[PDB]
Every structure is written in structure tokens, then in C-alpha cells.
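model the structure of this input:
(4 chains, ligands or ions: 4)
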Amino acid sequence: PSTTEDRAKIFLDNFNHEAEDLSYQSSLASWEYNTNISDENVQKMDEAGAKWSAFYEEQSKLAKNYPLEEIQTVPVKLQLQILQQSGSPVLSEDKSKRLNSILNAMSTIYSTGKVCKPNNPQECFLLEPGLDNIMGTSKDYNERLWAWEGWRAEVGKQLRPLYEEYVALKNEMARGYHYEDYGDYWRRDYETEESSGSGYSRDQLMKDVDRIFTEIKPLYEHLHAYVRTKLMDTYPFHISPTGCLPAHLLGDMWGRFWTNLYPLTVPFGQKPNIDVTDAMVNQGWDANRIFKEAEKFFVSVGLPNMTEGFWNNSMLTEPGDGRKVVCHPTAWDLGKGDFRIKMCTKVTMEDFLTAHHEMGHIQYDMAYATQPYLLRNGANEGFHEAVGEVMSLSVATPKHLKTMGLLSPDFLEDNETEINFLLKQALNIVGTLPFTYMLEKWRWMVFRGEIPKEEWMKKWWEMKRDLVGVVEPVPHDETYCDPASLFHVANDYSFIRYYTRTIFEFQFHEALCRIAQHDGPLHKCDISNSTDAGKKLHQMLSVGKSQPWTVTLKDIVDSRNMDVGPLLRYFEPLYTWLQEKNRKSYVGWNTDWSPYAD
Amino acid sequence: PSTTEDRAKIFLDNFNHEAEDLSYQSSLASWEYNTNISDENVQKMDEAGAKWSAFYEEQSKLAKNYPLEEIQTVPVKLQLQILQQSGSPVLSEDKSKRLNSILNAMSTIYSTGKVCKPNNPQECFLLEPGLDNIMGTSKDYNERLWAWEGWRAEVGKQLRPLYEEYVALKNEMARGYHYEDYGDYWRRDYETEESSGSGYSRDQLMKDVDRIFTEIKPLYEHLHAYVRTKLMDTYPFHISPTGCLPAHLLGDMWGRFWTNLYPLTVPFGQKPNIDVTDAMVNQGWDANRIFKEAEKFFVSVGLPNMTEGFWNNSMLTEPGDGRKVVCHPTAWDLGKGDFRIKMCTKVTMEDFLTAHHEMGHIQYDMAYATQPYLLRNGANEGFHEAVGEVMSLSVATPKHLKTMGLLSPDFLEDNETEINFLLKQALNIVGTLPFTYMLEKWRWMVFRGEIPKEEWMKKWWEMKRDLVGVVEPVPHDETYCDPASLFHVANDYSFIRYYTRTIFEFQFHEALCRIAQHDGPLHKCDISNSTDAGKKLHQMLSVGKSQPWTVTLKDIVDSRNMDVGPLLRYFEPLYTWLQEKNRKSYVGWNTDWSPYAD
Amino acid sequence: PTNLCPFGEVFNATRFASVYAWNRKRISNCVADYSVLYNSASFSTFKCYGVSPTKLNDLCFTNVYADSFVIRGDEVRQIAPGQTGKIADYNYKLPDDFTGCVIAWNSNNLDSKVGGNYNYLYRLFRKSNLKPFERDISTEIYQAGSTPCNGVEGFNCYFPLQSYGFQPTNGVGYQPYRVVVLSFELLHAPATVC
Amino acid sequence: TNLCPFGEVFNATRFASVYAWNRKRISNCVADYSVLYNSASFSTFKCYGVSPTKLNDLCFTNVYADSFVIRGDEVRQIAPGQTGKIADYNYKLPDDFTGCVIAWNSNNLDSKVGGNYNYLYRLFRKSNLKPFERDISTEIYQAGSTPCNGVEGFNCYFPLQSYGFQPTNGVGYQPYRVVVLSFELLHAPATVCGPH
Ligand SMILES: *[C@@H]1O[C@H](CO)[C@@H](O)[C@H](O)[C@H]1NC(C)=O
Ligand SMILES: *[C@@H]1O[C@H](CO)[C@@H](O)[C@H](O)[C@H]1NC(C)=O
Ligand SMILES: *[C@@H]1O[C@H](CO)[C@@H](O)[C@H](O)[C@H]1NC(C)=O
Ligand SMILES: *[C@@H]1O[C@H](CO)[C@@H](O)[C@H](O)[C@H]1NC(C)=O
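Numbers count the residues shown, from 1 in each chain, chains lettered A, B, ... in the order given. Ligands and ions are numbered 1, 2, ... in the order given. Below is the structure:
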């Protein structure tokens, strides 16, 4: 007498013991491609991925026999739901064929694009190697403007039709997935509907995020109002005193990150800045030392040290020319105990923080590996990189560095140093939140059909003017495609991970720090040598996605919701100082300032 | 009484008086960019051309209503044949966009291509300034080989995918015009449908050209045998007496022209090689004098002198710092009586010759203006440059220079000097004929489907070994695309023009000299001061393409076929001397010798 | 009568009429010496089909007609008796028997502008060739074929008048030339124009 | 004094998969137990029975050696009263167990790149294994109401599954080799001796 439940558990047992290794082979082939790029290795990696893909779909069709309602409780229930939603078999074969060509076409278009000087057609620049350096570093108004307009124009115009086709096909694909609109599909990841009637709904995500933006808008408004006064000195006649900033001047190609505006807007220039790169180099520190110190930090709280498999197996340094590699840092959860970190590490402060951050990814993977195979993907899209940013935050503090030996004890930490530090932090952390929110809301809305094709650009900039306070230097009609210009947009990637990515680090830091009985300001928090924080954190990590993410969050912070209170508390000192400096200057945007309309 | 012929005459009447001016606006706008390069002027050129293209398509589509079959006498049905054929209703829009993107991509890759020294990665050379200089002037085997292989490897490998797709699409595009293959479309220029049974066919051109190659092989084989003996001295251990020459050693990037090997192979390295540049400078000759004397020569034969518009509007001198321009010499027929020459003239012997050659283009240009607009293209692919080079031949002779005052009258013209002259000319003139023929044979075979893609390279070099006697220095597998390495191939240009041009060049030269009643060797003939020769030339020149090219040819040279008898007769003195010099050395080649095969 | 003939107002006229609407400026008791016009000798073309200008010493006539218009340089040959082309057939036709002078000079400097001066017009199609001194200003759309023209340009309905394209860079032939045509008429009525 | 041939059991270059575990009977030898512990290369060497130092003097009726290969995580199941997939369905020691269990990491020779799928285990069974019972049945297991048509299909699963062993795997997923000694005394006189 086997209840349909009881059978389903047997099926999943079979799935776990068969699929674990097969997934392993796909992970290993992909890893081999990244660490030894060659066309043969590409073909092998794709072939293994094809084996895993076909197997997964066969398991989906077998999985459909056990129906969720008859299933009782509770991760096994959840496991089946992941299994049933195959993934791609919904779009007509012909439409699938058009879609893949469209997707790869846009990906290549973005990667292949290059821009020439107007009077110098022979001189050409690429964004990823060359324009990034121009956009971050330049002080010249006109050069920055030409690069921005050229990139958005030359690449964009080619993409403005393909995105239109991509929207329709993706919308049909989602409507076939019983996920209306497709923007709706992306927000699927958060919602935990099976919470006994109290489940998160995917439509609710928009409501929560909007509330977040209004809650965050005061800090963003003051930060911007301060920045525009600082920028005005550098470009005297090109920024309007009451108007929104032009898009190009924000410190990178689209304005996502304002960290490159830190030198322009530094509050206290003479006070000494914090870089331990030279101290790192002068001390004979190698990449192995960087990661060993990292592992030691995780050891202090009570989390396990790296596996033997981790050390011998990861690519932490660029090989040189044993091979060519992708230089981007990536954290791997390959499978059965192969946990690897891949980085082209350099002995710099940036790579030290990034290494500490990546090891957090590994620690998450390692902790929740015990849970069943399908429930090993963090807790929501935003949990993972969030955890990493928490570990980077605790380590970056000066107090930790003095104990490390990278900073002389005789660094005076006064009013000025910390406020300045928080400003750089605000440009990266707070600056991107309205950009990310606005970009997404645009994608979600377009998928909804709330925006007609012929108003895309118009509406895009309206939102950017109203929500982000960034303005176009030159009018853009309805043949250019600016939203696609961002990498995450051009290659179908959900961008809301970054907005919530923040709402997490702090809500979590605040707690962990409170648990460690840290007596002091929030931003100076260091949780090192506090096992108790390690255990609370360990309890969250081990669960993974077994539980609904609401409950997992509640165990750490005694709450089931995204709260930006901690973020604002992190930035409150900078917040007050900002109010003091902005008394004599205008705060807020007027929605319609344009440089061209004189 | 409203018959379809009469209606058609009215339609073309309207078209002529309408289209003449618009073509003018496109031509003048085009002139502005070439004489004042800037982005703004480029945009003006593209816009004006865009109006011309749209108008042309409307008139052609409209032209289809009047059908050729009902049309009777006689240029009007040729005019209609040109017009009804419209360029673009013929390929799918997606394929049109993809194809044009491919075509532009190849041009950029070729023009932008650069190759690095293996010792220093950042030091790189481009073909147009530097690689041409190395291949043309260098003597070092390995340096020359490095440039040749690097360019064929770095540029070629990138071009191969583009060429495969390019071939497939170009054949499909060609079939839409109801032409069997792309080669067939290129052939179509020669086609003569105005003869009831004696028409020239698209298949026949190949047979004529092939027969010509067999006729030319004795002189070429002897020239080759002589050259390789001279080369063996310069390069001691890399040339085999029974083997073919290596590709790099011919004096340019692909071996098209042997003119730069004259210092290596001069017959009598003691007799002076006539250059009048110094003498021209000493007499105070200005660029204006070069063009005035050229006009005088054409006036002497009986052709009309230049228009006032030519003098005032043309660019005969390098503009200087006021404008910026590409210096390549061009003869412009803007239309509406406006004939210009664009040249950056220098006081040199070559520019004197080039001035006569370009001015011949103009003399034809003025001559065919009287006939209707569409019949002003010229009579054949090769007729134009044939006329120009024919004019250059008469002038280059020492007698003409002696009359000029550039040479002292008792400067000696012995057998040796003449042999030197015929050798230098033979390297340029005869050397290129099998390179060109073999090249177009390869492309025509590929378009036909006679060459499989997988065997592209292998067949190509076989032909090069068999037909041209050039051998690859390094084995090239099928990823390389060496034929594309030549500019003409990469930018989709018919290459057979030069081959037919040489045959019509000496054919015309012989006829005109015979009318000038010049008794002596053919190369010493100067047609100067001969009204009769001018008048026969005038009768042909005025016709343009109104008549089928065979008939116009028959009026000039009393024959309707491509004849190399005149070409071979011109070089007969050098041919006999070549036999005398060759017979102590091997003449011919064994195809399977390669430098890599030890 | 010592009165001199307004030739100056005609020849020096700043504005000239298009060929199809050739202005005839009637000569009314406007006694002028014809010697000075040839004596000016600035003209490109001055052929009198009839009698010599020199021989015009003591001849006075009932009426003298001066026709002024602008045409292409190649078309000047058509402005002669018995010549045929688009101009002579469809715009302005001299009589087979001509006893008058025809005057033309190059007009490029004042009648052509950069970017194109399209103001001068000619009649391209017409049902039948013009009789001497016949002028047609019809704007009726031309019926090439049997099908009827609704007054809208289309297939086999082409507009008869088309705009001249004059530009500074054009060739001598396509350069605008200004034309002045004189006619002399003697009648049984009293002769008055000396 | 026929020195026991343990070396062949422990140093053997081929070990059978866990479900098909080999019992290598050892009879009529003098057996030194000191050497096993003083070799001291083993990851896991606990006698649950008596102390190895103390059992050198004791003489046993018959000594059986059990050898097989399993995952690292699974090593903890090789103990009395422990339960899991290995102990329930492959090899189950008795609750009243009085013997030594030895295990060591096998990664060097038992895992090859691309996977050594030659090792097998029993994933499904109708009833849990009795102590020291070996089941090599290849009979298809019917999870649900529908019966085995004798063929693999929906709700008819193949009982045996391949261990996937690879060099890069984690210490837990690394293949481990296991050797179990079992000791028995009977009414017939004991002959499998040690240094009494
Ligand atoms: C990299 O790929 C090549 C492709 O043949 C292979 O031979 C080589 O072993 C690979 N390198 C490594 C470290 O696996
Ligand atoms: C690393 O973890 C292992 C767990 O087996 C432990 O034995 C060891 O002491 C740890 N190392 C440090 C430095 O804490
Ligand atoms: C050359 O180009 C510039 C671009 O602004 C233009 O202003 C100038 O008039 C051009 N020169 C001529 C002679 O047209
Ligand atoms: C296995 O070989 C080693 C190597 O000498 C030996 O010391 C050991 O005693 C052997 N194992 C047994 C159980 O005898």
C-alpha cells in the first residue's frame, strides 16, 4: 500500500543517486572550458551539458506523475515542483529556433561593438577593455558625451528591433509557462506560495520594492544633491543647479555605479586614504596568503576550513600561458565536494576583499550541501551575493586591518575619515539602488505591456528623470536602444538581484553584529572570533532553499520581510552630515531639465 | 496610334531629362567628400546617393511595364535592358541585411588589418603604408615571408567564414537575376544580345580567356624561367631551378605585379634607366605644365581640348593643409558637361604618364556624352583603362620625350636600352595576366560549385603552381583564405577587367600605329600628330556602349575578338632575347616542389 | 526722331522669362542704331538670317519684335530656321523664312546658383509641333497612351513642362544661355520704327 | 606457527563492490594483531569487540575478513546499530558486534578521471538486511502498486546503482576501502591463534 506520496519519495531517491554525478560531469566540463579555453573544450562542455539537459527533461516527464496536491509534506513536495517545471519545452519549435538566434545575436552585438572617433574613423575603441577606462576616468565633458552617445547610438540602433522581437517571444514563452507577462516569471524566484495561506506572491514583490524605494529616496535625494554641487565645480556651465545630472557624468557608461565619482566629490581630500595594497605587496604577501587569511577569518566564527579538494583544485592565480582563461572571478559548487574558486588574483586590496567575498559563496554551498540536490541554490536570487557582501563588510573595517598587520595602529580614525568612507560606500551601494529599481521596473512594465513599443525610449527617460534624476544629454527617438546597452539587459539576466542584494547584507550584518555584542557604530562592525554569530549564520546557510526563504530570514532577524531600516542605519552618520552640507543647496529634481534646450 | 515602342520612347525621354540632374547631384556630393573628407560631407554623400538610389528603383520598376520583346529599334531596347534590371527586388530583406553586413565587414577587416612582428607584439604594420613597402622593396627572405604569411594568416583566417557565407548569399542573389551563378553575373557585362546569331555568350568569355592563356604561355614561361634564374643569384639557397617561385618573392603582397623586381633582374645593369623627373624639375615644370602638355598631345591627334570647367574645378594639385584627401588618382565624369580629374600631382615621370592615362579617361568621357545617359558606361569592362594605358604607351617612348625637351636628342636608343624597357614593361604587363586569369578562374569555379568548400585552399595553390608557377612558402590548410587577402577579392570586385584590358590595350595600340603609318618596332610607335589615327579613335570613342562591344571593336581593329597577337607582337623583341638568354637554363616548372619539402 | 530704342531695357534686363513663356517686348517707335549692338561685340552668338546688320542703315519698319528667353547652350543651334529639337518643336519656333537677327550670350553667372537654379522651365512633350511664333503655356498633363489622365502624374501621364537644371559647374552646353530674338515686319500701314 | 596471510587481504589490488562483499576465511594461522595497528596508516581502525592490544593472546575458533569499497560518508555506517542505505541494504554488522573494522582512503587507485563506475551498491530492497546477509539478487524492485513485468520502467526501478568515483571529489564522496574482521568461538576447539 504505497501512497502517491510514498512513491514520489522513492522516485526522488532514484533521481538523487543518478543525477548528482551526471550534473557533476556538466559542471566539470564547464569548469574545464573556463580554465582551458579552446574550441575542442567548448564542444566537450556543450556535449556534456546536452547529456544533462536531456536527462533532466526525461526526469521532468517522469516527475509529472506524482501531482503536487496529493503530495503531503514538505521539502519532497517542494522538490517535485522544481522537477515538474521542465524549463524550455513550451515554445513552438520554429519559435524556439528564432529565439536562440536572437539571443546569441544580441549577446554578440554587445560584445563585438566598437566605436570610432568622429573625425578619426581609423581610431576605434571597445567598451569592455577601452571605453570603461574612458568613462570612469575622464573629466572632459565633451569626450565623455561623445563616447556615451556613440555607444548608445551605434550599438543601440542595431538592437532596437531585436529587443522588440525578444519581448514578444519571451512573453509567449512565459505565457506558455503559465507565468503571465514574463516579467512575472523573473519574480517567480522569490515567491514562496506554499506558506499555508500566508505565502509571498510574485505580484507582491513589486509592492515591497516600491515601498523600499520611497523609504530609500531621502538618502538618494540628499546624496545626489551633494554630488551635483561637487560636479558643478568640475564642469562649470554644463550642470544645472536645480536640474538632474546628465547620464554620462555619473562615473561609468550608464551610471550604475558612482564609485568613480569619488575623486571628484571627495569631502576631505587632505585626510589620508586607506589602501593596503602596498603594505600587502611589501610584506611578501602572495595570493595563497590572501586566501589562507580568508579561510582563517571563516575559521574564527566556527565555520569549517577549506577542503583539501578546494586548495589543489581551484584556479586562484592566472596560469600565464599554460593556458588562456576567463579573468572574471567565479565561485564554483561543482558537485560532490568539489568546491572551487576561480580568480585571476592580483595582490591588491580589491582582490583581498573580493576573495573574502567569494569564499562566502563557497561557505554557503558547503554548509547546505547536506540537503537534497534540487534544494541547493541559495534561498532566493538575492541571498548569495548578499552573504558575500556581508563578509566583505566585516573585513573591510580598519579595526580588523590593524589586527591583521596591513595597517599601522597609528591611523587616526576621526569624524572625517569615517564620513568620507561612508560616502564612497554610498556611491556604490546607495547609488545603484534607484538605477537598478528603475531599470527593472522598466523591464517588468514592458513585459506587462504597460508601455507601447513607440514610447519605449520616451518612457525610459521619463522614469530615469523622475526616479533616478539622470538626464539624457541629447534627445533619443525610437530607433536607438539604450536599455539594451547595459550588459545584464542585452543578455537576458534578471537585474533585481542587485536591488534586493543590498536589502540583505545589512539586515544580516545588523543582526550578526548584535549577536556578537559589538558595542559601537554599525559600520565598524567586525564579527571575527565570535562563534555565536557563526552558529546563527550556520543555521541559516545549511537550510539553503529547503525552507521558504521567509522563514529562513525570520530565524536570523526575527522577521519575514525585506527591511531597509538596517541599510539606512548603516548610512545614518553620512546621512546627517549630508543634511548639514545640503542646507544651502537645492535638494530634489525638476523632472524636465535638458542640456540641449537652452 | 499609341504603340508600345512609341510609349517607351516617351518614357525614356522623360527619364533622361529627369535623371541626368539627380545623377549630377549625387556625383557632385560624392566629389565633395573625396576633396574635403569629413564626417559631415560623408553624410551628405550618403543622403544624396540615397535619393538617387530610391529614384532609380522607382524608374526601373516603372520601366518593367514597357516590355523588351515588343521594343524594336534599337538602343532603346538596350537602354530598357539596363533599366528594367533593378538591383534589389530580388533577395529576402533579412538576407539583404545579413549579406551587406558581411560585405562591409570584410572591407573593414582588410582595411583595418595589421600584423605584428613576432619579436615585439605591439609593433604592427598595415598593408597600405608599411607591408606594401616591405614586400615591394625588401630583399630579406624571412622578413618578406613573415609579412606574407602573417597577412594571409591573420587577415585570411578572419575572412574565411565571411567568404563562405558571402559566396552562398552572392550566388542566391545572382540567381534571382536569373543568372546561373555569381560568376555568371559578373560575366554578363561582356554579353552581347544585339546580334541575331553572332551574339557573345556568357559561357563563351571563359573559352576566349582560356584560349588567350594558352597563347600567352610561351612568353610567360620564358619570362618566368629568366626571372627565376635572376632571383637565384639574389636568394642563393631558396630557389630551385626545376621548381616554381615562392609567393612572397614576386615584389608585392600576393605576387600580382613583378614591376618591383626590375632592380633584381635588369638585363644590362650599367646602361641608364631613363628617368626624367630631375630634368622635369630643372626646367621649372609645374603640375599645370604636365596637364597642359597632356592636353596638347590629345589635341595633336585631333581630339578636342579640355573644357573650362576642367581647369577651374578639378583638383590637379594636392590641396595642402586646407583640405584632406585620399591621393589615389581618379577621373571623374560628374555629368552635365562637367568633367574633372582628381590627382595629387607631383613633378615626376610617373605622374606625367599618369596624367596622360587619366586624361584619356576624360577624352572618352567627353566623347560618349552625346549618346543617351545609360549608354555612357563605356563599351566594355576593360575598354576604359585600355584607352588610358594605350595613350601612356605612345608617350613613354623616348622619341616623344626627346620632342618634349626632357632628353638630350643624341641620347642613345640601342638594343640594350630597348630590351631593358621591354623587360620592365613585361614584368608589369605580362606578369599580371596569369595571376589575374588564375584568380578569376578560381572564383568562377567556386561560384559554379566546381570547387568544394572543404578543398578550397588545396585547389587554389594547385592552380597557382600549375597555371602561374607560384608556390606557397608554408602549407596552408583550409582555415586560411588567401584569395580574399587581395583587396579586389575582399571588396567584391571583378578582377578579369585587367586581363581583358591588356589585350585591348595592345590591340588598339597596334591598329592606331598602323593608321599613323609608323614603320618600325611596335613599342617605338608614337601616335602623336596623326589626325587619321585620332579620327578612327574618335569614331569608336563616341559610341560608348550604344553598340555591342564586338562591333565597335571591329571598326577599330578590323576584328570582333580579343586578340593577343598584338600583345605578343609588341613583346616579340624581348621574347626572342628571352629565348636566347633562357636556353642555357631550365624553362618550365615541376608543380610539386615546395620550400617546406626538404 | 532722335529717340533711342529701349534695347537696353531688354538686353540688360535683370530678370529673364523662361523659354515657354517667352516675353515679347514690343518695339514702339524706338529708333536705334543697330551698329552699336554688334559694335558692343560681347555676344556669344549674333547671326542675322535675312540681311546684314551693317546694311540696316536706312531701313525703318512697321513693327520690330524682340523675344527674350533662356535655354541651354546646346539648344542655341535649334534657335534657327529649319532646325529641330525639343526647343524648336515644342517651345519656340522660328519661321522657315527668316528675315531677322538672333542674339544669344552665356548666362551662367546670373542664371545658375550653387545647389541648383530650377526656375527656368521648358515644355518637354506636346501633341504637335509649334507654328512660327506660337506660344503654349498649357499645364495640361500629357496623355502618352490611350488611358485618360486625371490631372495626376502617373503611368503614361507625364507633366509636359519640366525644370531646367542650371549649376555653375556645368559644361558650356548645359550652361544657361540667354537669348534675344529680333523680328522685323513691314506692312502696307505706315512704317514707324526706324 | 603458520603466520596468518592477512597481507593478501589488506594489500589486495582488487576489492569487490559493497553489495558483493568478499569473506576471506582465515583458519589455522598464528595471527599478529599488533601489525595492523602499528602500521597506523588507516583513517578508521576501531575494534568494537575487545582491545587489539588485549586480543593478541586470545585464540579464536575461526576468523573471517570482509572487504568492500564504499564512499567516505558511508564509512560511519560500518558499525553496530548504525543505519543507512549501506547498512540497511548492503552489509549490516550485528547489534552484538565484537570485532575490528578497518578503512582507508582509496582515491589513488579506486577513482579514475571520467569515473570508475565499476563499484556497485544496492539502493532498493523489500526488506532490510539481516546481519552478515549478502544479497546479490538482480531482481527489479517495484516501488508502487504496479508489479515488475521483469523490466525496468515506471515505478519499477533497478536495485543496483553505480558508485561514481572521481579523483576531484570531496573527502566524503571519495571512495574508501573497508576491511572487517569478525571473530568467532565455538564448541569445537579454537585454532585461529595469535601470540598466546
Ligand atoms: C587543454 O586543451 C588541450 C586540447 O587538446 C588538451 O590537449 C590539454 O590537455 C588541455 N589542458 C589541460 C590542463 O587539460
Ligand atoms: C580544519 O578542520 C579540521 C576538521 O577535520 C580540524 O581537524 C582542523 O583542526 C581545522 N584546522 C584549523 C586550523 O582549525
Ligand atoms: C569642407 O567641409 C566643411 C565642413 O564644415 C565645410 O564647412 C566647408 O564648406 C567645406 N569646403 C568646401 C570648399 O565646401
Ligand atoms: C601490507 O604491506 C606492508 C608493506 O610492507 C606490510 O608492512 C603490511 O604488513 C602488509 N599488510 C598486512 C596485513 O600484512
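
what about the residue in chain C that ligand 2 sits nearest to, neighbour count?
Here chain C gets closest to ligand 2 at one residue, residue C:115, 84.5 Å apart by C-beta to the nearest ligand atom. From N, CA and C alone the C-beta is placed, and that goes for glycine too. The tally of other residues near residue C:115 (other C-beta atoms under 10 Å in any protein chain shown) stands at 9.

touching, residue A:176 and residue A:91? I think so.
Yes: applying C-beta atoms under 8 Å as the test, residue A:176 and residue A:91 come out as touching, 6.2 Å apart.

before we move on, which element is residue A:438 in?
In the assignment (DSSP states H and E), residue A:438 maps to helix A:415-448.

would you tell me what the next helix or strand after that helix is?
Next along from helix A:415-448, by DSSP H and E: helix A:456-463.

next, the angle helix A:415-448 makes with that next one.
150 degrees (axes from the mean of the first three to the mean of the last three C-alpha atoms, to 10 degrees).

CA atoms only: put helix A:456-463 into PDB for me.
Extracted as PDB, the C-alpha positions of helix A:456-463 are listed here (Å, rounded to 0.1, in the frame of the first residue of the first chain):
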ATOM      1  CA  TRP A 456       9.900  52.900 -25.100                       C
ATOM      2  CA  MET A 457      12.600  55.400 -25.100                       C
ATOM      3  CA  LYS A 458      10.300  58.200 -24.100                       C
ATOM      4  CA  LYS A 459       9.100  56.400 -21.100                       C
ATOM      5  CA  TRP A 460      12.500  55.100 -20.200                       C
ATOM      6  CA  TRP A 461      13.900  58.600 -19.800                       C
ATOM      7  CA  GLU A 462      10.800  59.800 -18.000                       C
ATOM      8  CA  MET A 463      11.400  57.200 -15.400                       C
END
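
in chain C, which residue is closest to the centre?
residue C:69 (4.1 Å; C-alpha atoms, centre = their mean).

for chain A, same thing?
residue A:498 (4.2 Å).

contacts only, for it.
A:432, A:436 (C-beta atoms under 8 Å, 6 or more residues apart in numbering or on different chains).

show me where chain C has helices.
Assigned by DSSP state H, the helices in chain C fall at C:7-11, C:35-40, C:86-90, C:108-111.

for the spatially closest residue to residue A:252 that is not a sequence neighbour, give me its contacts.
Nearest non-adjacent residue to residue A:252, counting by C-beta to C-beta, 6 or more residues apart in numbering or on different chains: residue A:135, 5.3 Å away. Shown in contact with residue A:135 (C-beta under 8 Å, 6+ apart): A:144, A:147, A:148, A:248, A:251, A:252, A:253, A:260.

next: residue A:533.
Taking C-beta under 8 Å, 6+ apart, one finds A:301, A:512, A:513, A:515, A:516, A:527 in contact with residue A:533.

pull the most distant pair out of those.
Greatest spatial distance in the contacts of residue A:533: A:301 and A:513, 12.2 Å, computed using C-beta to C-beta.

can you give me the buried ones in stretch C:95-110?
C:98, C:100, C:101, C:102, C:103, C:104, C:106, C:107, C:108 (16 or more other C-beta atoms under 10 Å in any protein chain shown).

how close does the first one sit to chain B?
I take that to be residue C:98. Distance from residue C:98 to chain B, counting by C-beta to the nearest C-beta, to the nearest Å: 27 Å.

relative to residue C:186, how far out is that residue?
Note on residue C:98: its distance to residue C:186, by C-beta to C-beta, to the nearest Å, is 14 Å.

likewise the fourth one?
Distance of residue C:102 to residue C:186, given as C-beta to C-beta: 19 Å.

do the fifth one as well
Distance from residue C:103 to residue C:186, counting by C-beta to C-beta: 21 Å.

which non-adjacent residue is nearest residue A:246?
residue A:473 (4.8 Å).

re earlier: mind giving me the packing neighbours of the helix holding residue A:438?
Judged by 3 or more C-beta pairs under 8 Å, 6 or more residues apart in numbering or on different chains; DSSP states H and E, helix A:415-448 is in contact with helix A:156-176, helix A:183-187, helix A:202-234, helix A:456-463, helix A:496-515, helix A:572-581.
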